[PDB]
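Student: Got a structure for you, questions after.
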Amino acid sequence: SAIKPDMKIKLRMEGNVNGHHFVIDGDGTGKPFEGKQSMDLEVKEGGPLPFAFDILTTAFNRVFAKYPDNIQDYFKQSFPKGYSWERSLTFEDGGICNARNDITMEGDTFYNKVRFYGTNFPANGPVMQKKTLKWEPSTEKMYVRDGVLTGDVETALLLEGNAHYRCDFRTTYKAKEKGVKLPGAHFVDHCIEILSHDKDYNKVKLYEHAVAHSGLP
């Protein structure tokens with residue numbers, strides 16, 4: 001195994017949402033075999049962000065997911081060369097974004113080069129008015145579409161006042177190394193949470209737990 005039980009995380013995100021430019025750095029640690037990661041995020045440019053921080057958080061690595069023996073782990077088999085992903089997020093009110101991550105490994109550390117581009121968010125909407133509270137727990141459906149490992153998520157952000165704001169993500173995952181075998185179809189359950197934050201979300205502690213399963217208990 002190239003992957004150790006405790007792995008460091010380094011991350012830089014550059015992005016623009018509705019015109020607004022920003023740069024965010026990440027430093028964290030994770031347990032790839034237990035499916036747990038936590039990281040400290042700091043806005044370096046463009047703060048304070050004029051949109052809900054929550055729309056970024058799923059962009060801040062499926063190597064952090066507990067995979068049972070009976071599912072092929074495409075992500076851990078991708079290292080040390082690594083893998084990339086591209087994601088489209090489609091929100092119920094027309095907001096649309098495109099995120100990508102290129103993930104590499106050096107020694108005990110995953111490096112993440114993240115880009116995040118959002119547009120078409122209504123000025124009066126919960127993202128530009130900062131009304132989001134959290135992502136609900138979600139299930140990612142993994143399958144192969146025309147030779148490419150694909151994950152679909154139908155999810156929602158909880159808003160102030162007992163309302164939900166619906167999100168559909170599609171992610172495509174590609175190993176750098178030709179001939180990493182594609183897995184069979186499966187599920188990954190996700191729980192993502194902001195553990196702490198400062199006044200305008202310039203500093204955020206982020207936690208994710210993920211578990212791969214075949215649908216049964």
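In the structure tokens, the first chain shown is A, the next is B, and so on; residue numbers restart at 1 for each chain, and ligands run from 1 in the order shown.
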Determine, counting only C-alpha atoms, which protein, DNA and RNA residues have an atom within 7 Å of an atom of residue 95 in chain A; residues of the same chain fewer than 3 positions away are not included. Present the result as a list in words.
Tutor: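 Non-adjacent residues within range: residues 90, 91, 119, 120 and 121 of chain A.
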Student: Kindly assemble as JSON lines a list of the range 72-123 of chain A residues that lie within 12 Å of range 23-27 of chain A, each paired with its nearest atom pair and their distance in Å to one decimal, using only C-alpha atoms, sorted first by chain and then by ascending residue number.
Tutor:
{"residue": "A:109", "atom": "CA", "partner": "A:27", "partner_atom": "CA", "distance": 10.2}
{"residue": "A:110", "atom": "CA", "partner": "A:27", "partner_atom": "CA", "distance": 10.2}
{"residue": "A:111", "atom": "CA", "partner": "A:26", "partner_atom": "CA", "distance": 9.8}
{"residue": "A:112", "atom": "CA", "partner": "A:26", "partner_atom": "CA", "distance": 9.0}
{"residue": "A:113", "atom": "CA", "partner": "A:25", "partner_atom": "CA", "distance": 10.1}
{"residue": "A:114", "atom": "CA", "partner": "A:24", "partner_atom": "CA", "distance": 9.5}
{"residue": "A:115", "atom": "CA", "partner": "A:23", "partner_atom": "CA", "distance": 9.5}
{"residue": "A:116", "atom": "CA", "partner": "A:23", "partner_atom": "CA", "distance": 10.0}
{"residue": "A:117", "atom": "CA", "partner": "A:23", "partner_atom": "CA", "distance": 12.0}
Student: Pick out the residues sitting within 6 Å of range 62-79 of chain A, and hand them over as a list in words; count only C-alpha atoms, and ignore anything fewer than 6 positions along from it in its own chain.
Tutor: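 Contacts, with the query itself left out: residues 32, 33, 34, 35, 36, 175, 183, 210, 211 and 212 of chain A.
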Student: Which residue out of A:167, A:82, A:55, A:18 has the minimum interatomic distance to residue 3 in chain A when only C-alpha atoms are used?
Tutor: A:82
Student: Could the residues of range 167-203 of chain A that have an atom at most 9 Å from range 46-53 of chain A be listed as a Markdown table, each with its closest atom pair and the distance in Å to one decimal, counting only C-alpha atoms and ordered by chain and ascending residue number?
Tutor:
| residue | atom | partner | partner_atom | distance |
| --- | --- | --- | --- | --- |
| A:200 | CA | A:48 | CA | 5.9 |
| A:201 | CA | A:53 | CA | 6.9 |
| A:202 | CA | A:48 | CA | 6.5 |
Student: Please extract the residues of range 50-106 of chain A with a backbone DSSP assignment of strand (DSSP E or B) and present them as a PyMOL selection string.
Tutor: chain A and resi 66+83-91+96-106
Student: Could you write out that same residue set with N, CA, C and O atoms as a PDB file, in the first residue's frame?
Tutor:
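Produced file part_38.pdb, reproduced below:
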ATOM      1  N   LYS A  66     -14.399   4.495   3.484  1.00  0.00           N
ATOM      2  CA  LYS A  66     -14.203   3.096   3.933  1.00  0.00           C
ATOM      3  C   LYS A  66     -14.803   2.171   2.873  1.00  0.00           C
ATOM      4  O   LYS A  66     -16.041   2.210   2.673  1.00  0.00           O
ATOM      5  N   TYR A  83      -5.286  10.854  -9.399  1.00  0.00           N
ATOM      6  CA  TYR A  83      -6.518  10.902 -10.214  1.00  0.00           C
ATOM      7  C   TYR A  83      -7.040  12.334 -10.187  1.00  0.00           C
ATOM      8  O   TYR A  83      -6.546  13.145  -9.383  1.00  0.00           O
ATOM      9  N   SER A  84      -7.957  12.634 -11.101  1.00  0.00           N
ATOM     10  CA  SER A  84      -8.667  13.924 -11.176  1.00  0.00           C
ATOM     11  C   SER A  84     -10.163  13.636 -11.177  1.00  0.00           C
ATOM     12  O   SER A  84     -10.586  12.476 -11.449  1.00  0.00           O
ATOM     13  N   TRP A  85     -10.943  14.653 -10.851  1.00  0.00           N
ATOM     14  CA  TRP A  85     -12.404  14.593 -11.013  1.00  0.00           C
ATOM     15  C   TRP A  85     -12.888  15.933 -11.555  1.00  0.00           C
ATOM     16  O   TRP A  85     -12.199  16.963 -11.348  1.00  0.00           O
ATOM     17  N   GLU A  86     -14.012  15.881 -12.262  1.00  0.00           N
ATOM     18  CA  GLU A  86     -14.774  17.066 -12.720  1.00  0.00           C
ATOM     19  C   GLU A  86     -16.217  16.879 -12.269  1.00  0.00           C
ATOM     20  O   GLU A  86     -16.713  15.744 -12.335  1.00  0.00           O
ATOM     21  N   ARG A  87     -16.857  17.949 -11.816  1.00  0.00           N
ATOM     22  CA  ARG A  87     -18.216  17.890 -11.226  1.00  0.00           C
ATOM     23  C   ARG A  87     -19.049  19.036 -11.798  1.00  0.00           C
ATOM     24  O   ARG A  87     -18.512  20.159 -11.909  1.00  0.00           O
ATOM     25  N   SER A  88     -20.296  18.766 -12.175  1.00  0.00           N
ATOM     26  CA  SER A  88     -21.302  19.825 -12.419  1.00  0.00           C
ATOM     27  C   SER A  88     -22.320  19.774 -11.280  1.00  0.00           C
ATOM     28  O   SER A  88     -22.799  18.672 -10.937  1.00  0.00           O
ATOM     29  N   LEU A  89     -22.583  20.928 -10.677  1.00  0.00           N
ATOM     30  CA  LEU A  89     -23.613  21.094  -9.626  1.00  0.00           C
ATOM     31  C   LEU A  89     -24.744  21.904 -10.248  1.00  0.00           C
ATOM     32  O   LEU A  89     -24.444  22.972 -10.829  1.00  0.00           O
ATOM     33  N   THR A  90     -25.973  21.410 -10.152  1.00  0.00           N
ATOM     34  CA  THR A  90     -27.170  22.102 -10.686  1.00  0.00           C
ATOM     35  C   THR A  90     -28.150  22.335  -9.540  1.00  0.00           C
ATOM     36  O   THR A  90     -28.600  21.351  -8.947  1.00  0.00           O
ATOM     37  N   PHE A  91     -28.413  23.602  -9.219  1.00  0.00           N
ATOM     38  CA  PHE A  91     -29.286  24.010  -8.092  1.00  0.00           C
ATOM     39  C   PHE A  91     -30.691  24.287  -8.630  1.00  0.00           C
ATOM     40  O   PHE A  91     -30.825  24.573  -9.826  1.00  0.00           O
ATOM     41  N   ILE A  96     -25.597  27.271 -11.322  1.00  0.00           N
ATOM     42  CA  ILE A  96     -24.866  26.133 -11.954  1.00  0.00           C
ATOM     43  C   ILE A  96     -23.368  26.346 -11.731  1.00  0.00           C
ATOM     44  O   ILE A  96     -22.875  27.483 -11.901  1.00  0.00           O
ATOM     45  N   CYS A  97     -22.654  25.296 -11.337  1.00  0.00           N
ATOM     46  CA  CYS A  97     -21.199  25.415 -11.158  1.00  0.00           C
ATOM     47  C   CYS A  97     -20.476  24.195 -11.691  1.00  0.00           C
ATOM     48  O   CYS A  97     -21.105  23.157 -11.888  1.00  0.00           O
ATOM     49  N   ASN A  98     -19.194  24.397 -11.942  1.00  0.00           N
ATOM     50  CA  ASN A  98     -18.239  23.396 -12.456  1.00  0.00           C
ATOM     51  C   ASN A  98     -17.018  23.457 -11.547  1.00  0.00           C
ATOM     52  O   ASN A  98     -16.461  24.550 -11.360  1.00  0.00           O
ATOM     53  N   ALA A  99     -16.672  22.324 -10.955  1.00  0.00           N
ATOM     54  CA  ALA A  99     -15.521  22.166 -10.054  1.00  0.00           C
ATOM     55  C   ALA A  99     -14.619  21.058 -10.604  1.00  0.00           C
ATOM     56  O   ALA A  99     -15.114  20.079 -11.214  1.00  0.00           O
ATOM     57  N   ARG A 100     -13.321  21.206 -10.407  1.00  0.00           N
ATOM     58  CA  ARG A 100     -12.366  20.135 -10.746  1.00  0.00           C
ATOM     59  C   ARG A 100     -11.307  20.070  -9.647  1.00  0.00           C
ATOM     60  O   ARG A 100     -10.987  21.097  -9.020  1.00  0.00           O
ATOM     61  N   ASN A 101     -10.794  18.870  -9.438  1.00  0.00           N
ATOM     62  CA  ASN A 101      -9.664  18.605  -8.526  1.00  0.00           C
ATOM     63  C   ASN A 101      -8.693  17.695  -9.274  1.00  0.00           C
ATOM     64  O   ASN A 101      -9.145  16.715  -9.928  1.00  0.00           O
ATOM     65  N   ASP A 102      -7.417  18.051  -9.210  1.00  0.00           N
ATOM     66  CA  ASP A 102      -6.283  17.204  -9.645  1.00  0.00           C
ATOM     67  C   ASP A 102      -5.524  16.841  -8.373  1.00  0.00           C
ATOM     68  O   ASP A 102      -5.020  17.773  -7.710  1.00  0.00           O
ATOM     69  N   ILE A 103      -5.506  15.556  -8.031  1.00  0.00           N
ATOM     70  CA  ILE A 103      -4.979  15.058  -6.738  1.00  0.00           C
ATOM     71  C   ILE A 103      -3.685  14.291  -7.014  1.00  0.00           C
ATOM     72  O   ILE A 103      -3.678  13.381  -7.880  1.00  0.00           O
ATOM     73  N   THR A 104      -2.624  14.681  -6.322  1.00  0.00           N
ATOM     74  CA  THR A 104      -1.299  14.025  -6.376  1.00  0.00           C
ATOM     75  C   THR A 104      -0.899  13.628  -4.956  1.00  0.00           C
ATOM     76  O   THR A 104      -1.561  14.042  -3.988  1.00  0.00           O
ATOM     77  N   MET A 105       0.123  12.794  -4.856  1.00  0.00           N
ATOM     78  CA  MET A 105       0.652  12.312  -3.570  1.00  0.00           C
ATOM     79  C   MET A 105       2.163  12.538  -3.604  1.00  0.00           C
ATOM     80  O   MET A 105       2.781  12.291  -4.665  1.00  0.00           O
ATOM     81  N   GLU A 106       2.707  13.034  -2.497  1.00  0.00           N
ATOM     82  CA  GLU A 106       4.165  13.111  -2.252  1.00  0.00           C
ATOM     83  C   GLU A 106       4.375  12.667  -0.809  1.00  0.00           C
ATOM     84  O   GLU A 106       3.890  13.356   0.104  1.00  0.00           O
TER      85      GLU A 106
END
Student: Write down as a ChimeraX atom specification the residues belonging to range 73-213 of chain A that are assigned helix (DSSP H, G or I) by DSSP computed on the backbone.
Tutor: /A:76-78,126-129
